[PDB]
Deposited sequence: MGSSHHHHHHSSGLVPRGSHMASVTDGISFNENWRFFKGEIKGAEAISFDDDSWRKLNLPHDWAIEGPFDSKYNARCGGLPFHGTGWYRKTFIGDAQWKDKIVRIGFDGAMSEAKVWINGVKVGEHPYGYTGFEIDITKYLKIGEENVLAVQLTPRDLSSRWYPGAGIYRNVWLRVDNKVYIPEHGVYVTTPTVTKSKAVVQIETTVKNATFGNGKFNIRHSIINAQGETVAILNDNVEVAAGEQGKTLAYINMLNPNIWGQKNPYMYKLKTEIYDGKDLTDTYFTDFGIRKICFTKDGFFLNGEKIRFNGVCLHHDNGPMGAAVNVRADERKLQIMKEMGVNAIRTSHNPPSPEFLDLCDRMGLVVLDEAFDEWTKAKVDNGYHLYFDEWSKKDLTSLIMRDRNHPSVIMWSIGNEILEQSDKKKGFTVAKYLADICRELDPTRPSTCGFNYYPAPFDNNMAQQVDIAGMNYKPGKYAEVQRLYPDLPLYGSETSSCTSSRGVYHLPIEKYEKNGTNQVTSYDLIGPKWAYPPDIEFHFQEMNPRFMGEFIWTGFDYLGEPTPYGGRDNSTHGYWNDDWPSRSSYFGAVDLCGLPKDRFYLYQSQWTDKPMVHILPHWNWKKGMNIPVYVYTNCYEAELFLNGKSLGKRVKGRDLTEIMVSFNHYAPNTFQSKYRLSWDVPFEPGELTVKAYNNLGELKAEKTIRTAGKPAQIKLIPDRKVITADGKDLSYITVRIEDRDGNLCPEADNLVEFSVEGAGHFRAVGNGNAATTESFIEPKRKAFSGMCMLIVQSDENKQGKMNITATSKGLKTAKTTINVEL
């Protein structure tokens, strides 16, 4: 029956056509020549890069007999953008904003036994995004077959209004729709299920709902010795909510949730009774070579890499993310600023959200909070970013309030926030006061002043640094940017400056850097990421890791393929007390952090966050030793001058992947000399073959200025490396054999095993 099922995938077996064709909405339209594919799908990754035009999707399906007299809905988590949707030729849906999901009820129009046709037209416009949006049904689609008494979309809201070590209270609001002709009282059974799948608590409730109406009800249950959700231990519970009409089960509905408390004052943010600080990153929703199509593993990898950098917090610049991304943040212990919009009523781009803000702002923000208010990862609702209303002196604040009031109406359990780039406008124009917590974009030099002027505002750096670099590229002394991390736009400054102004202003909750990963644009890709587009750390990663992690480390830059005669400035990043540099054995001296300052060129800053030597380049090896204040060795790294490119090495991040059709292995591709040393500048075209249990998916190298295809089985190295991405086939177990080939280098092989 429909009573057991929450919502099943409707991603399989679609037809796609890029371009305008008239009559594609209809039941009788020949689509035998249309490309066949499974969702999710981003046609713009080809398939900055062109993201506008027209796309059609079609799916044909028999009305299953089990759907007779059922409520049937198709849930779309995201469609980019300007979507129209038909069932059996009848237009039943229209949705402009690509980042909020929507439902279409096809019940009235569904034909049981005969064929049905679901058509979706997307008409994304040019100049509708300042970053790469992608284009298509880039997020999962769901079929929802329900009995006539059921829980509608986003119909369970779980809060924890007491959280203590001895006891937490889990409060649950349930919404029930009555689509029968009869008034009824319906029983509700909440089963709270732990990490091992065992039901540990059950809460009963009920609700009277009249015919054709919707009803809500609230109950709470005690959890003794709760497993607290926290950053080191991100324990998740699961809620099974069952609806009953007398003895008959009518519906089942699942909700993941965590048990943690949050709290803020003007002096900071609090998680489970302790000062928390945001070592944060802004990320855009694309996964580079993988595009904007939702891939769970792609996101998992990105968030793991960010955690290794010391990241504990995410700002979803500048839109809602996928549920999958937030589920990952939940399971990985990251706290999230969940951001709804980039512009309000005043336009930043000709075809941005301002075209829809008047008619859609309340719907879309409501939809966001309804979708995400159960995620324990989400700690703030951010209403906007760098909005032009900041400079409307008389009335800009009204729009901020309006969105802020909506947040408070729907979820007072999390504070509102907003990213402000003007200064002092939004603080002087009563705007910053309309949200619970104010975020400054790129104003470390003003942190002290704004606290003098507005001492009752809670504050954090909503968007910081904007330093640019290209991985493993140094200019001594262009088309790429120096990985010595000095250059950026006019408002930009190096990470050292944020660190300095964070330490001087402890009331600031933290920073969210622009950006954690590189992202796709409209040079088609960004330079702002601490990690590059394909997931390879730049030196900036290590700078951040030196500041944000306890596990001892040390990093040395630049590479050591230079010309004899040159003075190379050598930088070292470490969380240790001091470090010592060694060229071929010769000690080039100690250097203590917070004492032997490095002069960064912005006017120029004496930085305590870097250790520096001036080295005359003799080739061979350069080794750095990091020590604690007792002189004990705690970390070391060794770089050496590599010779001519001789051989390809392949390093999978994972040698076993799930046989689900979606999971990936990210194989780092290294261009090495005869003795195994990375050739730090190699750009050799590498070709790839994938045989057996899976296929070639994608490829990439973190170069922003290239024009190479992400989806052809060929890619050039950039600064010694590139990345090959491979994927399982659904239900196909066994070995998957990768061969990597390049003109004049030793061929490389590796096996990826595929299970489940």
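Student: Spell out the unmodelled ranges of the deposited sequence for me, N- to C-terminal, numbering from the first residue.
Tutor: According to the deposited record, C-alpha coordinates are absent for 1 to 20, 68 to 78, 509 to 516, 562 to 581, 662 to 668, which together make up the missing parts.
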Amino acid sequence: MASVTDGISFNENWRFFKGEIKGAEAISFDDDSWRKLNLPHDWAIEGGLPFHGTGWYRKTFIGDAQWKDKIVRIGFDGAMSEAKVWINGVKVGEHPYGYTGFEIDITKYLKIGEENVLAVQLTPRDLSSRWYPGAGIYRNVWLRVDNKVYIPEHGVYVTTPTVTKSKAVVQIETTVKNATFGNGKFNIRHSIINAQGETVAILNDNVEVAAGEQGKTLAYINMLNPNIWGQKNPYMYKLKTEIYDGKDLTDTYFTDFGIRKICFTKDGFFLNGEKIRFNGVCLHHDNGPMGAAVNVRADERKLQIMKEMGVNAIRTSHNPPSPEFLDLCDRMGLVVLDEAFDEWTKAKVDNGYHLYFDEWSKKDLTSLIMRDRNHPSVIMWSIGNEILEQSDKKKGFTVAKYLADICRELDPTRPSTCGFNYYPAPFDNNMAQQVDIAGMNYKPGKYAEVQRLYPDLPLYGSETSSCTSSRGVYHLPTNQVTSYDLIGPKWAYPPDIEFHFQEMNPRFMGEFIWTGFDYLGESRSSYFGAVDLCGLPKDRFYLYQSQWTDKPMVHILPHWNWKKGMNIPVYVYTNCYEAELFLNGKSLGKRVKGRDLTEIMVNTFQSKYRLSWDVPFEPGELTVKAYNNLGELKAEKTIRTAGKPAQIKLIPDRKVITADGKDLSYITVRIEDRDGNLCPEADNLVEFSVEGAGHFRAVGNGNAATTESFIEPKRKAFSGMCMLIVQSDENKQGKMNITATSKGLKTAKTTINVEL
From here on, numbers count along this sequence of modelled residues.
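Student: Quick check: 526 to 534 versus 584 to 592, which has the larger average CA B-factor in the record?
Tutor: Comparing 584 to 592 with 526 to 534, the higher mean C-alpha B-factor belongs to 584 to 592.
Student: Which is higher on mean Cα B factor in this entry, 311 to 319 or 654 to 662?
Tutor: That would be 654 to 662.
Student: Taking the Cα B-factors listed in the entry, which of 445, 134, 455, 521 comes out highest?
Tutor: The listed residue with the largest C-alpha B-factor is 521.
Student: Residue 232: which third of its chain by C-alpha temperature factor?
Tutor: Within its chain, residue 232 is a middle-third residue by C-alpha B-factor, going by the deposited values.
Student: Mind checking which third residue 394 falls in for C-alpha B-factor across the chain?
Tutor: Its C-alpha B-factor, which the entry lists for residue 394, ranks in the lowest third among residues of this chain.
Student: Give the position of residue 73 by CA B-factor within its chain, expressed as the lowest, middle or highest third.
Tutor: Residue 73: CA B-factor falls in the middle third of its chain.
Student: Residue 114's Cα B-factor: lowest, middle or highest third of the chain?
Tutor: Top third by C-alpha B-factor.
Student: Can you tell me which third, lowest, middle or highest, the CA B-factor of residue 461 falls into for its chain?
Tutor: It falls in the bottom third of the chain.
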